[PDB]
Structure formats: structure tokens, C-alpha cells
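Asks: The structure is given below, and queries will be raised subsequently.
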Amino acid sequence: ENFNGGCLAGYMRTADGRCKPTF
């Protein structure tokens, strides 16, 4: 389990809520 906002793993939550890449 894991819930850091609601992403897959590594992605970030923009100002839109769209789990984007954190590369």
C-alpha cells in the first residue's frame, strides 16, 4: 500500500492535481 497524494510512485501533484513526472 501507499498513498502520497494519489500518484503511482515518483510523480508529483501539480497545481492541477495531475500526477506529473518528478524526474
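Residues in the C-alpha cells are named by chain (A, B, ... in the order shown) and by number from 1 within that chain; ligands are numbered from 1 in the order shown.
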Taking 5 positions as the minimum chain separation for residues in the same chain, which residues sit within 8 Å of residue 19 (chain A) when counting only C-alpha atoms? Answer as a list in words.
Replies: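 What passes the distance filter is residues 6, 7, 8, 11, 12, 13 and 14 of chain A.
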Asks: Write the residues you've just listed into a file as an mmCIF file, in the first residue's frame, and include C-alpha atoms for each of them.
Replies:
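For reference, out03.cif as written:
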data_model
loop_
_atom_site.group_PDB
_atom_site.id
_atom_site.type_symbol
_atom_site.label_atom_id
_atom_site.label_comp_id
_atom_site.auth_asym_id
_atom_site.auth_seq_id
_atom_site.Cartn_x
_atom_site.Cartn_y
_atom_site.Cartn_z
ATOM 1 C CA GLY A 6 -2.627 9.787 -5.171
ATOM 2 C CA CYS A 7 0.170 9.026 -7.605
ATOM 3 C CA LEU A 8 1.813 5.888 -8.941
ATOM 4 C CA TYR A 11 5.104 11.508 -9.874
ATOM 5 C CA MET A 12 4.189 14.843 -8.335
ATOM 6 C CA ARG A 13 0.917 16.682 -7.849
ATOM 7 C CA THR A 14 0.903 19.817 -9.971
#
Asks: Apply DSSP to the structure's backbone, then extract all residues of chain A labelled strand (DSSP E) and return them as a list in words.
Replies: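 Restricting chain A to strand (DSSP E) produces residues 12, 13, 19 and 20 of chain A.
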